[PDB]
Every structure is written in C-alpha cells, then in structure tokens.
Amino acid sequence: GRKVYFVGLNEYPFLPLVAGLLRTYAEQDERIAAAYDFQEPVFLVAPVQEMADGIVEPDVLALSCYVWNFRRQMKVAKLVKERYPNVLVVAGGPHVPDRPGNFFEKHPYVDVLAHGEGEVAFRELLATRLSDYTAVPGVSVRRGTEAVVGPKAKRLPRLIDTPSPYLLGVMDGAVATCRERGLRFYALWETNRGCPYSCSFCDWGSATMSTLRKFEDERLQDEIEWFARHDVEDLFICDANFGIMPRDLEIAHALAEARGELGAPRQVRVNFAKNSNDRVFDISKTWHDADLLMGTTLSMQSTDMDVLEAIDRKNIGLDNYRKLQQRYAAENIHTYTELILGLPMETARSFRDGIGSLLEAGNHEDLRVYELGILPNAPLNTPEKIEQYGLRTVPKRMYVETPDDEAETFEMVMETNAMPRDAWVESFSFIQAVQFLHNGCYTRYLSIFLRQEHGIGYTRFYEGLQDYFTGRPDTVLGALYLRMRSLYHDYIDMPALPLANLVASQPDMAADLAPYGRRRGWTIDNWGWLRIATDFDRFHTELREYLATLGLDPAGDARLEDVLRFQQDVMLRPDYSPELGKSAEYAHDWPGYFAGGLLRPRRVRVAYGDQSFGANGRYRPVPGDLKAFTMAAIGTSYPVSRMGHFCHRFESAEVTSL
C-alpha cells in the first residue's frame, strides 16, 4: 500500500492526536483505507538525519507544523524529497501561513499546505491522489515555486461527528511507545473547537473569532471512560474557554467520577473561560475535591484600557476580579493570572501598575508572564498592526542546540511605541522579582503588612526594592536584579539564548542551582527563589536596611520586628524535619491576620507541623537533602508549581495563646 507518514514532533511527550484525527477521518472513505498504509506517527524528538532515515518508501509525508517543530520538519521533508521525488509533502498546523506568498521559494520540497482545521482537506488530498490538488478546499498547492490558493476550507459541522482515534485503538502504539521508553505523556483532548473572542496576539486552535462547534456527547463520554480504563494519568484539554458551555460542568463531573472509580485521570490541564462565571467555579470546586485541578485560569494579558482596546480584549473588571479572588480563596481553590509583556500601547508604567493592582485585588500567589511572540496567523501579524503600534521583534531560538535551519525560532517583541527596549528589560526583571519574592512568599507577608498597616502600596514596595537594590551590587537581591538586567539585554541581542532553556544556557546561573538539582527548564523565577534560599540570612539583614530607607527602621518598631521574624520563620528551609516540626513565639497573631482576620497584639506560640508539600502533598522534606528540599520548596519547573509550596501552611499550624 501507499505508505503515509506523519511527523509532529513535540519536545515533551504529547500523544499524536492530529495524526490520529486525520487518519481516522480519512479512513471513512473505504478506498482510502484500502489504498493507504498509515505508519506509526513520529512525535518523539530524534536527530534530523535519523528521523528522515526512518521514513522508508513514503507515498505521503504529512507534517504537523508548530513553532516548536517547523524548521526540523522542513529539513526532514527536504531530505525525504531528495530520496523520494514522488512523495507528496503536505504541511499543516498553525505555523503554516494563511497567506503563503513566497513560501515554496524557501521550501520547494513542500507540495501542499493545509490551512486551519485539516480533517476535510487531508481526506480530499488522499482521495485526489488516487483519482484519474488545486480543487481541494482548504489548501494551497505549489506550482513551481508559486503558491496557488485553492478554495476556502470546509469546516466540520457545528456538531462534530467524526471517528475517535482513541476509541479506534490507533493511539495505542504511541502510548506503548512512550511507556516502553519510560516517558510520562500527556493525552490531548478536545470537547469543542474555536474561541468566540478576538485577542489579537492569539491563534488558539487556528480558530479564534469563530463560532463554537461541539464534539458529540457520546464520543466524549466514551473517551472519558477510555482514558480512565487505560490509566491515562495526565490529560490536557485543548478548549479555549472551559466552562463556557453548560455541558462543561457535566464533563467535569464525569472526569471526577472516573477518577474516583478507576483512579485515572489524575491531573487535568485546561484553560478556563475568559468570562469566568459560576460554572467555572463549580467545575473548579469539583476538580479541587477530586485532586484533578491544576489551577483556575483568571487571565488578563493586560490591565490597561488602552492596551486591551488595542488587542481587542475585554477583561473582567478589577472589582469583580477581587470578588472572584475572595470567593476562590475562601474555598482554598488555586487560581492564576497570565500577563503578556510588550503588548501594543503598554508602557513600563502601566505594566508595573497593573501588576500592583492585581496584588491589590487579592492575587498574591500566582502571577505568570510571557514574552509576546508573533504567531504566523495571529491578527497581530500584519504589516498594518505591527506598524500601528511600532512592534519591534528579534528572532529568538526556542531551545539550546547544529545548523541554523534545524533550530526552531520565533519572533519576539522587545520594543513598541509605548515601551522602549530598556523599559522592557527593567519591566521583565520587575515581574520576575515579584514572582519569586511575592508569589514565592519571601516578602509577601511583609508587603501585605506594610500595605495594610503602613500605607506602602504594592507597586511602590516592589519598585522601591528594584530601585534601591539595583544600586547595591554586593547585596543578595541587588545581585539578582543586576544579573537579570544583563541576562535580558543579552537575551535581546543574542538570538541563540533560548526561550525554553535560558537559565540552563548560562553556566553561572546553572551552577547556582546545581546543588538543588539537574534541570534544563529552570525558570528565572525558580533561580531567584533558590538564590535567596542560599543566602537567606544575609537577604534578611539587607532587607532591614531597605526598610530603614522607607523610614521604617525595625530597631525601633517592635511590631515590625515581630512580623519580620514571622516572615523569616514561615519560609521552608533545607533543615526542616517533618518529624521535628518548627515552632516560634510572636507578639501578634500573624496566622490569623494573614488568614484575613484583624491584627491583634495577642502573644502566641506557632507550631508548624507540615508533613508534605505540593499540590497533592507528594513532596516530603528530608532534612539535609537539598534535592528533596527543592521538590518540596518549589516543585517542578515545568509545569509551573505554586500550589502548596514555598512556606509552611500557617493556616493549619497549632497557634496557642501564651
């Protein structure tokens, strides 16, 4: 038969869902099923030469192209086309340009591009290859080096009734392949397709600004059971806005029941709906109780009205955000908020003010920031919009590498009309410090106390930290701010400094963290937290000196001394023993205060008895074991770990009046 090869490389093990969807949809044509021999998908990373050599006698080479695999898959296609002149090279995925232009001049070894959702176009291509391509909807066809655009794509109907690659068993080989090689994997799952909104930076599922289409109910329920029956522990749901549809609560309950009855799945990653509502809360409560929840998305991208207008995004208001934070915090349900640095119209002033406003509104635990990437088919990637807002980009490698044509690259915004490059660098350093100091707890409780009892706003506190300590190179915190300043300037100037391995690519920063573990995906956030952990006592000595510059010398303020001791003691330290615990005495009931109660000068004994850390309590500290300390203190670098980390859980500690 005509051998069909799929290549869709992922750095982390994700099951090849696209290959399964395209094959099983196409196999509904009995002539296609009989004529074509679909090979096992290539989705685990291997050397380019080795991947090309594994493609033997191909009739069709199907490339599933994303920012993380486009260049290597083009190079494989180049090598395969040299060996097999008659192979049909078809590239789809969100990195395929909507407007190909001179694409085939750069990639003459590619024959057909598929745009957006690919089921119909791929099935029509395979059928046409058997018949006695420019008539196929949803594709562009190479003619010489020119791109001939075919008819517009045919989307699947509002109710998507297509074969499931999971239920048909065509994902079995990939699952076994991961397990044979000792790899944990994510199963990818869709319950619907599209996003109804229009954020200009986004290209979610190649289907933003789209009417929502649902996968049929019975297929989804059967797939839930399939995941549970096959011990698929890690499930990644691809929906843009989970909770946006009424049935999403029923889906959440069905996943919780499957977890309860069969033990799988164990964790569910999903992006929760932009217009967060009671259904998102009910889903989150359900999955929190079932230990499935990985954080409730309450993302903003920006808080500035001009920025939000420029990117066509409406957010929940700040006061409504505050009410959400209060409701989730009361249930101990973890939420997180994403921001993007360098959006149109964002100034360094508006960016820092927005960060402070989110802390003011009650998010102290989980703020996440991304560099703005220009995606090929995002609305922002037009000459008009790039010109309108003055977006300046630099090519940025994703990974440490090797020829340039095998290094994956994206275009990273690092300057706009509103944010000069220098302001971008300092703003990025600012939010990293907010993450490891505030989300990381080191100064979170001091900052809250200073805000609520001494009138020091959140933005002002962390601006002052940066302004003061950047002028003191020999301090713990000053060294971090200055190293981040040079790192991000090099990051702009040197494209090879990778997005996904930045800390690991710097020998000094990698050496800082070497006693704590061997990781390729250390974040700057992790690095700052562990650098402070290393020089913890001196950090607090120097912190007292910064407080004196605010007029708040602790040597004359007994209450400030008291909260500083609480702030020091609450942090998890390498010598902590779950068998011994950790206790101290204070002049105020700090646990009750930071739980939301009134500040009362009540002399207390606080006894910390933490046995484990992390979301599921699956990291146990071992005194003297820096590797076990790191897992309990900060968890994994990927995925982001912020539930149950950093500090002792004083809300459960034994607090006794003296």
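All residue numbers refer to positions in the sequence shown, first residue = 1.
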{"property": "Unmodelled deposited residues flanked by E401 on one side and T402 on the other", "result": "1 to 3"}
{"property": "Segment of higher mean CA temperature factor, 103-111 or 302-310", "result": "103-111"}
{"property": "Selected stretch [higher average CA B-factor]: 145-153 or 346-354", "result": "145-153"}
{"property": "Selection from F594, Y36, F70, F43 [criterion: highest C-alpha temperature factor in the record]", "result": "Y36"}
{"property": "Candidate residues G362, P515, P246, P196, the one whose C-alpha B factor the record puts highest", "result": "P515"}
{"property": "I32 by Cα B-factor - lowest, middle or highest third of the modelled chain", "result": "highest"}
{"property": "B-factor third for the C-alpha atom of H588 within its chain", "result": "lowest"}
{"property": "Relative C-alpha B-factor of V48, binned into the chain's lowest, middle or highest third", "result": "highest"}
{"property": "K81 - which third its CA temperature factor falls in, relative to the rest of the chain", "result": "highest"}
{"property": "Record-listed C-alpha B factor of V640: chain third", "result": "highest"}
